[PDB]
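One structure is given here, and the rest of the page talks about it.
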Amino acid sequence: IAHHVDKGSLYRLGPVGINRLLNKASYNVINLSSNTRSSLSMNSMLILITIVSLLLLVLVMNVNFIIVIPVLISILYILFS
Amino acid sequence: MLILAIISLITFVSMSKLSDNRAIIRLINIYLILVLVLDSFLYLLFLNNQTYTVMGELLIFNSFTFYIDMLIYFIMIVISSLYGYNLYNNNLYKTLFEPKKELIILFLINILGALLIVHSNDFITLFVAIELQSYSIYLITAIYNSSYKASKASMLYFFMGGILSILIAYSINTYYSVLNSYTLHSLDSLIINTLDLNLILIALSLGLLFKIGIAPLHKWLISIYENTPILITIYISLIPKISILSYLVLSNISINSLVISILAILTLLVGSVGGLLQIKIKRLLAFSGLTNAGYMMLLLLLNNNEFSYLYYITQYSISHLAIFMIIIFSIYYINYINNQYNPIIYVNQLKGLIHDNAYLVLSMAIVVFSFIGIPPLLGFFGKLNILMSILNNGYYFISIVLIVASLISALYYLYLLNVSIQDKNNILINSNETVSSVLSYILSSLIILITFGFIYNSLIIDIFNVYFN
Amino acid sequence: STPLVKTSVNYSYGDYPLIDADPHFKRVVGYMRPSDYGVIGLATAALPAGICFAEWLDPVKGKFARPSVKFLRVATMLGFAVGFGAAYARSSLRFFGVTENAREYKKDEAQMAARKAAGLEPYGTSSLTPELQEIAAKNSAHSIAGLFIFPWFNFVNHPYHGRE
Amino acid sequence: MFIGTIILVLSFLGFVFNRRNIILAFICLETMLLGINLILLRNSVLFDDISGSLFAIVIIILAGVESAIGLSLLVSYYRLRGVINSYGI
Amino acid sequence: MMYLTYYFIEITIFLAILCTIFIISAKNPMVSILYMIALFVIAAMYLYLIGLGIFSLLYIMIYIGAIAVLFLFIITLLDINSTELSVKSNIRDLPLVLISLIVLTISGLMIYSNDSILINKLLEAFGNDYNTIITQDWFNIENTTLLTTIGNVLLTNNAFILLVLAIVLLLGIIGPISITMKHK
Amino acid sequence: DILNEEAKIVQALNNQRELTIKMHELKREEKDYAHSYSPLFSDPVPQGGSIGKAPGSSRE
Amino acid sequence: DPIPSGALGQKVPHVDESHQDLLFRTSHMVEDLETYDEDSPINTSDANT
Amino acid sequence: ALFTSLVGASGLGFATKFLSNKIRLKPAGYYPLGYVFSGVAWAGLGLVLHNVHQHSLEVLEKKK
Ligand SMILES: CCCCC/C=C/C/C=C\CCCCCCCC(=O)O[C@H](COC(=O)CCCCCCCCCCCCCCC)COP(=O)([O-])OCC[N+](C)(C)C
């Protein structure tokens, strides 16, 4: 109880697990534009990608909002993981 | 008063030598203060929420816009003090903080652009004001042209802001092509029901919102904030955000927008998580600004947002000024100066600040806990008002995400205080030079506002009930 | 001097009766009280006084020195400008019935009665066409609300003053 | 409105996928503004409405000032480096 | 006549597409600036065709006479490096270019419609199969053209906009001097 | 006395509740065009341009 | 003297004039963690001279 | 009470003067005239706030 639960699972759903999770997530989001050399080209590509993706996402929502939930989950997975 | 100051300043500065710079700034500083205290009484015009259209319906004046104008004046006073007054009188500080000849004019023109954005009743007014503010901000970013990072930042700003200005212009022209109108006043409940304006109005909203750097278009502005001189960064990361957000709050063109909901969630997540691995102070503060922008973005989803927006933007402006001033004050106690534009770069350079200046660290603690939202500091009441607004309107999932983002961003807020209260080996014994009386008084006034402003909460609500109802 | 558009009549901007919704510059200055001139003088003194007091608090060059006469002169001119702006706004708010306006209300009644006796238009004759008078009125009406941003005044003799 | 729309879209794509030089970015900005003005002027003609043409005139003046400032920024950037890289920003 | 003169607008559209492609593909950036000048002449042609020859002349006066001249002046004084269009550098963009082309073009045609159904939104874009009937009346006795009306509204109804534009031009003077001149 | 004091406090609290609900309702009441947009030029109906004014273009 | 940790306790650099070397310019690194400083007074000694 | 409002606002000014002395690494009573000036200024702000609030209450009452 004291090692496997109190200092095992309960720290995993706690400080240790949250620390590991946030470390990977923060690393991924800051490195979203890591290896690129020309900030102008990359940021312009980001604004194009944002616009196009928002248009397609909204088209999906007009079709059926339930179908877009997995897509948003996948996008969050791409960004943070 | 502002236009007059711009004209007079151009003439006077043209006839003045580079050594008069600070003196000139001081003059304008006191001028602004006078305008704030002698012209304040005009608030009476807006009793019972009376609204005035002005300039052939190009401009709109109400209690909301009058308050935003007062806030922008106060911010300009604080920021111009930082150029007009020396922190210390030694050679290093002369090198660190010297105002350029034309900087004060660029600040006043940018303030004019912001105030015109706030009061814009027609789209032609909005576009002219937006381009005025954008062009001024590019020039402000560039005016320290001995710095490689600042010149590169100015180029990046010019191009990204130009693309977003084009998006805004295209939105306005599509609106015109659908309605043969340039004013949102022509929108009625019947028109909104009859026509689909959502794509046009959200395109306008996104064009405005990407200009202050919400996710997923946040990195470019954060880069610009990192790479400008620190006294420029204090100005350019605050004024545009206020002007654009105030205009969107007053326009109410994105109510219950699904797209804005999703982008606000993304902005809160990106701002909280992406601040965690930052080691540079200005990047940390930029991610903080992103998270607080997401908080305010939530208020674009509902009507009757004025009290919570005004409270939040006021306390946030106060806290932003306070934290930048504290960082500036701590420069005197650090071992290593990284360069003349950003004398302090890394959070770790604040290590042991409590042993050099204990009350500076007390000021830091108050500001950090306000950003986190501990009562009875002003930040707590800002967050409380926002939660009341969003839960009154059914945004339950977003309220949970707001709580989670607050908890996450607390970690990088506490990073500053944590390093600042650790031990350092060589501590300060004495020093003959004192930091400036003026700037220390201004910083202390900000700290005292953050600490004790809650005492006036019910009085403030009483006044708000008669000027905004 | 015939209005092209319908205006509100005796509308309440505050707790006092309306005298003039868009008063002429000449009347706004002419109706100023001695207290408004005290405001003008106070600002004219305050700006150079502020520059000297600021010098005293935190000298620009370590050792205190009285600001030169060029800065005192510019401070005096700008202080007069702020003072005149405040005095103009105070008089204007008396014309809107936002502050106390009994003296002004009586004086306006007398002035209008005298002009009517003289056969003149109550608000003067304009060198502009009525359409331009309307556009001028819609540019100047309530422009005092923008005093922080820009100065704008009523210089046109138009009929759109919100009275009976 | 076809010609303006095509000009704007193609200029935007040229700006985004530019990997050649910085002058192309300046040109794509100018031509996106031109496309927007063309769309606006056609709508102004079809409504017989002066508001569109007024906005188009203002757009022209602002494009001039924006060009002046953008090229000043480029020259200030050049002053420290003496060259513009094909990533020069 | 008729065959050519009916499709003058369509020819301007096709030439505009070609000119934009040539702007982006030019080897020498000076040649790119020249193709930009060509695109502006084409835009002036279109504006004349739709009845706005005054805007044709204004565009020639300002965008070619001033802005393109400044462009050339700058590229002449400055040392610019440029790479050529090539598969190694640019074929990687083709998928995104194609998706973005389709999505942006379709959406830019759909933003104009008021129909609830998306397919109808796009269909209205290609829905001008009809001629406008031009009719006469006699109510305008003055000789008022577009330039005169612009002056009339800009100087009276919208005078504030003119004065703010004066401030913007002031910025266009003060700013360049501030960052291109080194004082003292 | 304890009951009287507590009742007075509860009455003041209920007064504050009533005032809050009242301000909430008033803020949501729709205002006149003069109070919300323009108090001097209070007619929403436009006149348009005056140059070639055509008899028969005015429609109520 | 103890190695600085960050907001998550991760390893964080210590910075002084050592990081403005020759082999650490043009380093591949995200702008959030990049320590080379092209405005540093020791890299900008003879600029535009 | 107006007198209590003035005392409280003047105390805010005193706190501002004290904190500014401390941040400058100076003793609490370093330039005691500054306490008077700060207290007077913040009392002026408190008085302005009190008068505006009183007018607001008067207006709310007169619409009844
Ligand atoms: C003698 C002239 C001095 C006036 C100079 C004012 C400068 C403003 C500079 C900075 C802004 C700081 C916050 C402004 C206070 C709001 C007043 C108000 O009550 O705000 C209300 C609207 O409430 C709101 O929306 C919410 C406001 C959120 C405030 C959040 C911060 C609270 C903590 C402040 C504690 C007060 C300190 C008092 C020290 C004893 C507008 O009131 P009002 O438009 O009727 O104008 C007032 C009459 N006036 C012009 C003469 C002053």
Side-chain angles (χ1 to χ4, degrees), chain B residues 32-50 61-78 242 246 249-250 304-319 321-322 370 376-386 442 445-469, chain C residues 39 46 86 89 98 145 147-148, chain F residues 27, chain H residues 4-16 38-57 59:
Chain B
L32 286 174
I33 289 163
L34 260 187
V35 173
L36 244 194
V37 317
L38 287 181
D39 295 345
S40 224
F41 67 99
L42 284 162
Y43 75 93
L44 270 174
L45 285 172
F46 310 108
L47 176 72
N48 306 112
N49 199 22
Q50 176 65 58
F61 289 81
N62 56 23
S63 55
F64 182 96
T65 65
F66 181 80
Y67 181 80
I68 291 302
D69 156 73
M70 278 177 101
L71 175 59
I72 279 152
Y73 255 68
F74 161 92
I75 291 168
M76 191 60 243
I77 288 155
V78 167
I242 286 163
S246 302
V249 166
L250 194 59
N304 302 265
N305 46 6
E306 306 72 31
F307 181 74
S308 55
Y309 174 72
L310 285 189
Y311 200 104
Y312 204 84
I313 196 61
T314 303
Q315 66 81 31
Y316 173 77
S317 288
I318 289 168
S319 294
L321 293 178
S370 198
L377 310 175
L378 289 182
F380 161 77
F381 287 105
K383 286 183 173 175
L384 177 72
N385 285 322
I386 288 186
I442 282 157
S445 321
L446 301 182
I447 299 299
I448 292 285
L449 287 178
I450 291 172
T451 307
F452 298 106
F454 82 91
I455 289 162
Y456 288 103
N457 264 3
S458 72
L459 179 141
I460 289 334
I461 295 172
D462 264 359
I463 293 168
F464 182 91
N465 281 328
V466 86
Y467 285 96
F468 291 72
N469 304 47
Chain C
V39 180
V98 167
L147 177 52
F148 279 64
Chain F
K27 172 102 100 197
Chain H
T4 310
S5 293
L6 300 185
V7 170
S10 325
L12 289 178
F14 295 156
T16 305
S38 197
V40 166
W42 283 77
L45 270 310
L47 168 68
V48 164
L49 214 51
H50 168 89
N51 291 329
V52 167
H53 174 257
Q54 196 47 71
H55 190 256
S56 327
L57 284 181
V59 169

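We count ligands from 1, going down the list as the structure has it; atoms in each ligand are counted the same way. Per chain, numbering begins at 1; letters A, B, ... match sequence-line order. The basis for the numbers below is simple: all heavy atoms, side chains too, and nothing from hydrogens, waters or symmetry mates.
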H:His53: partners by side-chain contact (heavy atoms from CB on, under 4.5 Å), with sequence neighbours left out: B:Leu459, B:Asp462, B:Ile463, H:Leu57
Taking the side chain as every heavy atom from C-beta outward, state whether H:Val52 and B:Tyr43 have any atom pair closer than 4.5 Å. yes
Those residues that, when tested against B:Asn49, pass side-chain contact (heavy atoms from CB on, under 4.5 Å) (two or more places apart): B:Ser63, F:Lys31
Nearest 0.5 angstrom please: B:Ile68 CD1 to B:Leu310 CG, how far? 5.0 Å
Could you state the interatomic distance from CD1 (B:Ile460) to CG (H:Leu49), rounded to the nearest 0.5 Å? 5.0 Å
Would you say B:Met70 touches ligand 1, if touching means a heavy atom closer than 4.0 Å? yes
Can you tell me which residue and heavy atom of the protein come closest to atom 44 (O) of ligand 1, and the distance to 0.1 Å? B:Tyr43 CB, 4.1 Å
As a check for students: among B:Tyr316, B:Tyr456, B:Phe41, identify the option with a heavy atom nearest to atom 36 (C) of ligand 1. B:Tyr456
Scan side-chain atoms only and decide if H:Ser56 and B:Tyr467 contain a donor-acceptor pair under the 3.5 Å cut-off. no
Which heavy atom of the protein is the closest neighbour of atom 33 (C) of ligand 1, given with residue, atom name and distance? B:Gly453 CA, 3.7 Å
At under 4.0 Å between heavy atoms, what of B:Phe46 touches ligand 1? The answer is neither
Looking only at protein heavy atoms, which one is nearest to atom 21 (C) of ligand 1, and what is the separation? B:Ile463 CG2, 4.4 Å
Among all the protein's non-hydrogen atoms, which is closest to atom 29 (C) of ligand 1, and how far away is it? B:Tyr67 OH, 4.0 Å
Among non-hydrogen protein atoms, atom 1 (C) of ligand 1 lies closest to H:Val48 CG2, 3.8 Å
Looking at B:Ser370 and B:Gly379, what are the two nearest heavy atoms and their distance? OG-N, 3.0 Å
Strictly inside 4.0 angstrom of atom 15 (C) of ligand 1, do you find any protein heavy atom? no
What protein heavy atom sits nearest atom 4 (C) of ligand 1, and how far off is it? B:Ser40 OG, 3.5 Å
Going by the order shown, which atoms of ligand 1 are within less than 4.0 Å of some heavy atom of H:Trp42? 39 (C)
Using a 4.5 Å cut-off on heavy atoms from C-beta on, say whether the side chain of H:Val7 contacts that of H:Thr4. no
Any protein heavy atom lying closer than 4.0 Å to atom 38 (C) of ligand 1? yes
Gap separating the CG atom of B:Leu378 from the OH atom of B:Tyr312, nearest 0.5 angstrom: 11.5 Å
Quick one: CZ on H:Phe14 to CH2 on H:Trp42, what's the gap to the nearest 0.5 Å? 12.5 Å
Tell me which protein heavy atom sits closest to atom 31 (C) of ligand 1, plus the residue, atom name and distance to 0.1 Å. B:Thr314 CG2, 4.2 Å
Atoms of ligand 1, numbered as shown, that sit under 4.0 Å from any heavy atom of B:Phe464: 24 (C), 25 (O)
Just to be sure I read this right, does ligand 1 sit under 4.0 Å from the backbone of B:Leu449, its side chain, both, or neither, counting only heavy atoms? side chain
Residue and atom name of the nearest protein heavy atom (relative to atom 32 (C) of ligand 1), distance in Å to one decimal: B:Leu378 CD2, 4.1 Å
Whether B:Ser308 side chain and B:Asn385 backbone form a donor-acceptor pair below 3.5 Å: no
Pull out every atom of ligand 1 sitting under 4.0 Å from any heavy atom of B:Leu310, numbered as shown with elements. 25 (O)
